[PDB]
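Chemist: Quick one, input_17.pdb (PDB, C-alpha atoms (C1' of nucleotides)):
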MODEL        1
ATOM      1  CA  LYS A   1      27.688 -24.274  -5.665
ATOM      2  CA  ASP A   2      24.259 -25.835  -5.103
ATOM      3  CA  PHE A   3      23.873 -27.406  -1.659
ATOM      4  CA  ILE A   4      21.073 -29.654  -0.443
ATOM      5  CA  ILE A   5      19.151 -28.155   2.457
ATOM      6  CA  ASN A   6      16.655 -28.835   5.210
ATOM      7  CA  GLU A   7      14.595 -32.012   4.621
ATOM      8  CA  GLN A   8      16.681 -33.001   1.564
ATOM      9  CA  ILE A   9      19.479 -33.957   3.971
ATOM     10  CA  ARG A  10      19.638 -37.696   4.643
ATOM     11  CA  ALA A  11      22.415 -37.814   7.283
ATOM     12  CA  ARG A  12      21.362 -39.199  10.683
ATOM     13  CA  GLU A  13      23.794 -36.935  12.532
ATOM     14  CA  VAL A  14      25.686 -33.830  11.444
ATOM     15  CA  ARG A  15      28.283 -31.452  12.896
ATOM     16  CA  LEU A  16      26.503 -28.109  13.271
ATOM     17  CA  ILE A  17      27.942 -24.598  12.815
ATOM     18  CA  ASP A  18      25.552 -21.683  13.372
ATOM     19  CA  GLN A  19      25.151 -18.465  11.363
ATOM     20  CA  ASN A  20      27.903 -16.726  13.372
ATOM     21  CA  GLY A  21      30.532 -19.475  13.293
ATOM     22  CA  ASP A  22      29.717 -21.036  16.667
ATOM     23  CA  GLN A  23      30.552 -24.763  16.617
ATOM     24  CA  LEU A  24      27.424 -26.392  18.070
ATOM     25  CA  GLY A  25      28.859 -29.910  17.945
ATOM     26  CA  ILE A  26      27.368 -33.168  16.717
ATOM     27  CA  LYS A  27      23.578 -33.068  16.558
ATOM     28  CA  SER A  28      20.878 -35.382  15.264
ATOM     29  CA  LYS A  29      19.430 -34.107  11.976
ATOM     30  CA  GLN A  30      16.127 -33.580  13.831
ATOM     31  CA  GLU A  31      17.659 -31.274  16.464
ATOM     32  CA  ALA A  32      19.669 -29.432  13.795
ATOM     33  CA  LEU A  33      16.433 -28.809  11.874
ATOM     34  CA  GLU A  34      14.783 -27.508  15.063
ATOM     35  CA  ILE A  35      17.601 -25.026  15.729
ATOM     36  CA  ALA A  36      17.443 -23.754  12.137
ATOM     37  CA  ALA A  37      13.670 -23.370  12.374
ATOM     38  CA  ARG A  38      13.678 -21.404  15.625
ATOM     39  CA  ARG A  39      16.123 -18.974  14.011
ATOM     40  CA  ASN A  40      14.067 -18.736  10.813
ATOM     41  CA  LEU A  41      17.081 -19.914   8.817
ATOM     42  CA  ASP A  42      17.939 -22.967   6.694
ATOM     43  CA  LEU A  43      20.064 -26.011   7.524
ATOM     44  CA  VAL A  44      22.588 -26.230   4.680
ATOM     45  CA  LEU A  45      24.803 -29.241   3.969
ATOM     46  CA  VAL A  46      28.084 -27.434   3.264
ATOM     47  CA  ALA A  47      30.415 -30.435   3.594
ATOM     48  CA  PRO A  48      28.565 -33.606   2.450
ATOM     49  CA  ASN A  49      31.647 -35.805   2.599
ATOM     50  CA  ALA A  50      33.011 -34.688   5.978
ATOM     51  CA  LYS A  51      32.770 -37.051   8.962
ATOM     52  CA  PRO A  52      30.202 -36.468  10.211
ATOM     53  CA  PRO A  53      28.685 -34.269   7.426
ATOM     54  CA  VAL A  54      28.919 -30.543   8.204
ATOM     55  CA  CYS A  55      25.851 -28.312   8.183
ATOM     56  CA  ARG A  56      25.768 -24.541   8.482
ATOM     57  CA  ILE A  57      22.784 -22.500   9.631
ATOM     58  CA  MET A  58      22.206 -19.667   7.159
ATOM     59  CA  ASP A  59      19.680 -18.046   4.858
ATOM     60  CA  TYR A  60      20.104 -20.133   1.700
ATOM     61  CA  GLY A  61      18.242 -17.741  -0.601
ATOM     62  CA  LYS A  62      20.275 -14.718   0.468
ATOM     63  CA  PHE A  63      23.486 -16.758   0.158
ATOM     64  CA  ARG A  64      22.629 -18.031  -3.332
ATOM     65  CA  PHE A  65      21.529 -14.604  -4.581
ATOM     66  CA  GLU A  66      24.811 -13.045  -3.440
ATOM     67  CA  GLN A  67      26.856 -15.811  -5.078
ATOM     68  CA  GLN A  68      25.095 -15.372  -8.417
ATOM     69  CA  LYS A  69      25.308 -11.600  -8.089
ATOM     70  CA  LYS A  70      29.077 -11.866  -7.564
ATOM     71  CA  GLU A  71      29.565 -14.118 -10.598
ATOM     72  CA  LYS A  72      27.469 -11.922 -12.893
ATOM     73  CA  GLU A  73      28.998  -8.595 -11.847
ATOM     74  CA  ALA A  74      32.595  -9.795 -12.281
ATOM     75  CA  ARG A  75      31.828 -10.841 -15.857
ATOM     76  CA  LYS A  76      30.056  -7.750 -17.243
TER      77      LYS A  76
ATOM     78  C1'   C B   1     -33.317  39.171 -71.990
ATOM     79  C1'   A B   2     -37.632  40.342 -68.831
ATOM     80  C1'   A B   3     -41.322  39.161 -65.394
ATOM     81  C1'   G B   4     -42.764  34.963 -62.550
ATOM     82  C1'   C B   5     -43.969  30.083 -60.163
ATOM     83  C1'   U B   6     -42.892  26.468 -55.558
ATOM     84  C1'   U B   7     -42.134  21.096 -56.003
ATOM     85  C1'   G B   8     -35.445  21.455 -55.736
ATOM     86  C1'   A B   9     -32.309  24.413 -51.988
ATOM     87  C1'   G B  10     -32.299  27.412 -47.882
ATOM     88  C1'   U B  11     -34.304  30.353 -43.187
ATOM     89  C1'   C B  12     -37.596  30.341 -38.848
ATOM     90  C1'   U B  13     -40.125  27.620 -34.166
ATOM     91  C1'   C B  14     -40.286  23.508 -30.615
ATOM     92  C1'   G B  15     -38.280  18.858 -29.390
ATOM     93  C1'   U B  16     -35.112  13.891 -29.787
ATOM     94  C1'   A B  17     -30.884  10.534 -29.880
ATOM     95  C1'   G B  18     -25.630  10.278 -30.067
ATOM     96  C1'   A B  19     -17.862   7.460 -27.762
ATOM     97  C1'   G B  20     -19.226  14.226 -33.057
ATOM     98  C1'   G B  21     -15.279  18.243 -31.679
ATOM     99  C1'   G B  22     -12.292  21.649 -27.891
ATOM    100  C1'   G B  23     -11.242  23.060 -22.704
ATOM    101  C1'   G B  24     -11.460  22.353 -17.426
ATOM    102  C1'   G B  25     -12.540  19.292 -13.179
ATOM    103  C1'   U B  26     -13.086  14.595 -10.834
ATOM    104  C1'   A B  27     -13.579   8.932  -9.754
ATOM    105  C1'   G B  28     -12.581   3.987  -8.636
ATOM    106  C1'   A B  29      -9.977  -0.929 -10.052
ATOM    107  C1'   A B  30      -5.020  -2.598 -11.209
ATOM    108  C1'   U B  31       0.313  -2.487 -12.162
ATOM    109  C1'   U B  32       5.150  -0.503 -10.481
ATOM    110  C1'   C B  33       7.481   2.132  -6.695
ATOM    111  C1'   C B  34       8.301   4.194  -1.460
ATOM    112  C1'   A B  35       7.410   3.350   4.207
ATOM    113  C1'   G B  36       5.981  -0.029   7.834
ATOM    114  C1'   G B  37       3.341  -4.903  10.631
ATOM    115  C1'   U B  38       3.044 -10.519  10.264
ATOM    116  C1'   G B  39       5.937 -14.298   8.319
ATOM    117  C1'   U B  40      10.394 -17.503   6.319
ATOM    118  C1'   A B  41      12.970 -19.860   2.280
ATOM    119  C1'   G B  42      11.986 -19.454  -1.641
ATOM    120  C1'   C B  43       9.899 -16.359  -5.637
ATOM    121  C1'   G B  44       9.958 -15.784 -10.973
ATOM    122  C1'   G B  45      10.065 -18.002 -15.708
ATOM    123  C1'   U B  46       9.772 -22.132 -19.516
ATOM    124  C1'   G B  47       8.051 -27.132 -23.553
ATOM    125  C1'   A B  48      12.404 -27.960 -20.337
ATOM    126  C1'   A B  49      15.644 -24.388 -18.442
ATOM    127  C1'   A B  50      18.904 -20.555 -17.295
ATOM    128  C1'   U B  51      19.810 -15.351 -16.876
ATOM    129  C1'   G B  52      17.072 -12.593 -13.025
ATOM    130  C1'   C B  53      15.065 -11.613  -7.761
ATOM    131  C1'   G B  54      15.336 -13.220  -2.045
ATOM    132  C1'   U B  55      18.014 -14.224   4.794
ATOM    133  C1'   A B  56      20.694  -6.154   3.461
ATOM    134  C1'   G B  57      14.235 -11.041   4.655
ATOM    135  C1'   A B  58      12.075 -11.592  -1.130
ATOM    136  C1'   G B  59       7.566 -13.811  -2.943
ATOM    137  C1'   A B  60       2.889 -14.332   0.017
ATOM    138  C1'   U B  61      -0.415 -11.354   3.456
ATOM    139  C1'   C B  62      -2.268  -6.675   5.901
ATOM    140  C1'   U B  63      -1.623  -1.194   6.324
ATOM    141  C1'   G B  64      -0.466   3.860   4.763
ATOM    142  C1'   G B  65       1.509   6.968   0.753
ATOM    143  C1'   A B  66       3.649   8.633  -4.246
ATOM    144  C1'   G B  67       3.197   8.569  -9.444
ATOM    145  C1'   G B  68       1.772   7.671 -14.506
ATOM    146  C1'   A B  69      -1.356   5.533 -18.070
ATOM    147  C1'   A B  70      -5.953   3.502 -19.477
ATOM    148  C1'   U B  71     -11.087   3.650 -18.381
ATOM    149  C1'   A B  72     -13.916  -3.603 -16.572
ATOM    150  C1'   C B  73     -19.251  -4.328 -16.049
ATOM    151  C1'   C B  74     -22.843  -1.144 -19.218
ATOM    152  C1'   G B  75     -21.327  -3.031 -24.608
ATOM    153  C1'   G B  76     -24.721  -4.753 -28.688
ATOM    154  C1'   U B  77     -23.513  -6.825 -37.266
ATOM    155  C1'   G B  78     -25.129  -0.459 -30.840
ATOM    156  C1'   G B  79     -24.327   5.022 -31.720
ATOM    157  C1'   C B  80     -21.715   9.727 -33.871
ATOM    158  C1'   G B  81     -18.586  12.014 -37.569
TER     159        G B  81
ENDMDL
END
Rewrite the structure from the file as structure tokens, please.
Modeler:
Amino acid sequence: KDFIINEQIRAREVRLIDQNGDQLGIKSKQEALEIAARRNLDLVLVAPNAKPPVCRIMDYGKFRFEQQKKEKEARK
RNA sequence: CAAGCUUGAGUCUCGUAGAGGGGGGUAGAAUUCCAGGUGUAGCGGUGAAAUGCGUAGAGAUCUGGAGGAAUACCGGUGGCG
């Protein structure tokens, strides 16, 4: 569920996937953070144990809200 | 029982203070909501949290509008009944 995002990420390099599924390739964490920032989105570590770790560009708050919404609705 | 008397009690005149009552108008602050601009990943809450809300862009900021409810300061062993 919970993913670490943005500056919480410690990986030197990550494989980057953008908000639409475009495979941006291997990028330094710094460049990945720049791309996320220019798009006003978050850099989310979706696959911490992949080699190299996989990050997805997305709105973390919107993603998390929808996930919690889904869980709650299906149980009431 | 009858006549009175004016101090009790009323009536008259002119003023005073008051959130006293009833009706009708109207005002500026705020909350919530609606519509937009800027902005971007959090907001919110607690002892700590989680539920909740936010990338269908929240919260924060600026703008316009709707609506209801109550009237900060004045304000006080102040006032009225």
Chemist: Residues of chain A within 8 Å of chain B, using only C-alpha atoms (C1' of nucleotides), as an MDAnalysis selection string?
Modeler: chainID A and resid 40:42 58:63 65
Chemist: Given the file shown, enumerate the residues that the PyMOL selection byres ((chain A and resi 11) around 12) captures and present them as a PDB file with C-alpha atoms, in the frame of the given file.
Modeler:
ATOM      1  CA  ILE A   4      21.073 -29.654  -0.443  1.00  0.00           C
ATOM      2  CA  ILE A   5      19.151 -28.155   2.457  1.00  0.00           C
ATOM      3  CA  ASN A   6      16.655 -28.835   5.210  1.00  0.00           C
ATOM      4  CA  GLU A   7      14.595 -32.012   4.621  1.00  0.00           C
ATOM      5  CA  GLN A   8      16.681 -33.001   1.564  1.00  0.00           C
ATOM      6  CA  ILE A   9      19.479 -33.957   3.971  1.00  0.00           C
ATOM      7  CA  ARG A  10      19.638 -37.696   4.643  1.00  0.00           C
ATOM      8  CA  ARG A  12      21.362 -39.199  10.683  1.00  0.00           C
ATOM      9  CA  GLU A  13      23.794 -36.935  12.532  1.00  0.00           C
ATOM     10  CA  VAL A  14      25.686 -33.830  11.444  1.00  0.00           C
ATOM     11  CA  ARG A  15      28.283 -31.452  12.896  1.00  0.00           C
ATOM     12  CA  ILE A  26      27.368 -33.168  16.717  1.00  0.00           C
ATOM     13  CA  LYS A  27      23.578 -33.068  16.558  1.00  0.00           C
ATOM     14  CA  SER A  28      20.878 -35.382  15.264  1.00  0.00           C
ATOM     15  CA  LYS A  29      19.430 -34.107  11.976  1.00  0.00           C
ATOM     16  CA  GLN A  30      16.127 -33.580  13.831  1.00  0.00           C
ATOM     17  CA  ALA A  32      19.669 -29.432  13.795  1.00  0.00           C
ATOM     18  CA  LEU A  33      16.433 -28.809  11.874  1.00  0.00           C
ATOM     19  CA  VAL A  44      22.588 -26.230   4.680  1.00  0.00           C
ATOM     20  CA  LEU A  45      24.803 -29.241   3.969  1.00  0.00           C
ATOM     21  CA  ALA A  47      30.415 -30.435   3.594  1.00  0.00           C
ATOM     22  CA  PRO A  48      28.565 -33.606   2.450  1.00  0.00           C
ATOM     23  CA  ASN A  49      31.647 -35.805   2.599  1.00  0.00           C
ATOM     24  CA  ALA A  50      33.011 -34.688   5.978  1.00  0.00           C
ATOM     25  CA  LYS A  51      32.770 -37.051   8.962  1.00  0.00           C
ATOM     26  CA  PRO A  52      30.202 -36.468  10.211  1.00  0.00           C
ATOM     27  CA  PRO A  53      28.685 -34.269   7.426  1.00  0.00           C
ATOM     28  CA  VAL A  54      28.919 -30.543   8.204  1.00  0.00           C
ATOM     29  CA  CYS A  55      25.851 -28.312   8.183  1.00  0.00           C
TER      30      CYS A  55
END
Chemist: To one decimal in Å, tell me the separation between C1' of residue 61 (chain B) and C1' of residue 38 (chain B).
Modeler: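 So the answer is 7.7 Å.
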Chemist: Might you spell out which residues the PyMOL selection byres ((chain B and resi 74-81) around 7) would select in the displayed file, as a PyMOL selection string?
Modeler: chain B and resi 18+20+73
Chemist: Just how far from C1' of residue 48 (chain B) is CA of residue 72 (chain A), in Å to one decimal?
Modeler: 23.2 Å
Chemist: Assuming the chain letters and numbering stay as they are in my file, what does the PyMOL selection byres ((chain A and resi 1) around 9) actually select? List them as a list in words.
Modeler: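 After applying the PyMOL selection byres ((chain A and resi 1) around 9), what remains is residues 2, 3, 64 and 67 of chain A.
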Chemist: Interatomic distance between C1' of residue 63 (chain B) and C1' of residue 34 (chain B)?
Modeler: 13.7 Å
Chemist: Emit as JSON the padded axis-aligned box for all listed atoms of region 43-62 of chain B, 4 Å per side, with centre and edge lengths in Å to one decimal.
Modeler:
{"center_x": 9.2, "center_y": -17.1, "center_z": -8.8, "size_x": 31.0, "size_y": 29.8, "size_z": 37.5}
